[PDB]
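First comes one chain, alone, set out as structure tokens in the form deposited in one PDB entry.
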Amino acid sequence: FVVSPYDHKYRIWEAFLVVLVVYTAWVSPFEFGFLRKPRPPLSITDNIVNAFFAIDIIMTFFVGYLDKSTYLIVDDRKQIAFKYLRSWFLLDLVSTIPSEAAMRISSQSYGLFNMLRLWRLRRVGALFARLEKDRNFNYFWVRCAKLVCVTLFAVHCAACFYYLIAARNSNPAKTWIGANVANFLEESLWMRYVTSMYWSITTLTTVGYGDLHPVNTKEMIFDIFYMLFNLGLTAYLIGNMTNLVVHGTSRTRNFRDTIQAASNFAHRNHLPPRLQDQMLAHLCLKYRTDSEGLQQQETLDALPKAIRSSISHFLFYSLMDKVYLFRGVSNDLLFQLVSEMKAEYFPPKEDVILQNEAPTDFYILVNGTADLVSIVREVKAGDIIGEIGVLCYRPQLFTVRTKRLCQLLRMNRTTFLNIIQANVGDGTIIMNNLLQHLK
């Protein structure tokens, strides 16, 4: 029986009903403003759309709900039906009665009863509430789409109401439209619609050419309220667009402040130009490494250590399988290794470590390649550097120079000593499998 929310076969039905809501949002004000009585084709199409919402009146029984008081999805048919009968079953139901039936109770009913069908706009508000949570869509741009919809619906409604004020008048002259057009009745419905839409947008944007304007007090009262609504709407629009701009441009501002800080530091302390250019080159690479190294380390430093470890195991243990200088070591020691290892990125043609430097650290190349340097040999992907210096505790035997954008795992001798004070018997495998690379 009870269908889950978040069922994909249900999500496509709700998305379909939203396009029938967009149809309703256009048709209902137009039928209110421009039409007197039901006519083909619009009558049969509206009855078709009412059939789809009448199906939904039933199919919203048998659908569960997330009770956020307990964070579980309720599947009890007695509870879901009781909740729906309380939650606006009657408004949905009345919004689906045919206009023919709803006007046998009174012939004047047509336009104003069809305006009740704007109740369906609750579904558009619900869709925006979903998209403002779903991380697959940008939040500020979904707010933009929401504000575009509100604007277009306002322009359409105002056009239909203001035409109705003219069309109901006892004289076609002395109306805003009949003041310009000799007889706007007995003129094409498209031309009357476009003329009203033109007036409406001309007013909402405050261009106000003044070819079309209020001629009588009823028109003036309507336009007074429409102009006051437009002042609030535009101030809201400019607020939201400012927020969209301010947060969208933030990356470039932060990058420039970072480079400005480094440049000022170099100019205060009078760093040598070579090393200054290396500092800026690494900061630029960090900004261009957003999708990898940046959002990697900006995530991993937050995670609880259990899942953090499981990530490191997924991501790098297959690299630890490549290094002969750990072959057959105890599994826990190699897990500890990847749990301690930092990860870093280097530009091309940079020294990671120089010859005759003290062995404070060692590295494993994840990807990219480097030269020991004059040149003696090449370092592959899945290959290790500096470790014999960390073992020996004597100065490093060669400079290692990047020749690609290169990713390296890193460890420090002070913690490697501590790691070797763990697993002390497995340290014999460390020793032997170094000695057999040393042979």
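Under this definition, the rigid core comprises the largest set of C-alpha atoms superposing within 1.5 Å between the forms. From 1 onward, residues are counted along the sequence shown.
K.L.:
Could you tell me how many residues of the deposited sequence sit unmodelled between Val373 and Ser374 (none, 1 to 3, 4 to 9, 10 or more)?
P.N.:
The entry has 4 to 9 unmodelled residues between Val373 and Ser374.
Form deposited in another entry: not shown, discussed below.
K.L.:
Taking only shifts of 2 Å or more in Cα after a rigid core superposition between this form and the one not shown, tell me which of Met241, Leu354, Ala81, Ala101 qualifies.
P.N.:
C-alpha shift of at least 2 Å: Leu354.
K.L.:
After superposing the rigid core, is the C-alpha displacement of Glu387 2 Å or more between this form and the one not shown?
P.N.:
Where the cores coincide, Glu387 still shows a C-alpha shift between this form and the one not shown that is 2 Å or more.
K.L.:
Establish whether a shift of 2 Å or more occurs at the C-alpha of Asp301 between this form and the one not shown, with the two forms superposed on the rigid core.
P.N.:
After core superposition, the C-alpha of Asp301 moves 2 Å or more between this form and the one not shown.
K.L.:
State yes or no: after fitting on the rigid core, is the Cα displacement of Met59 between this form and the one not shown at least 2 Å?
P.N.:
Stays below the 2 Å threshold, so no.
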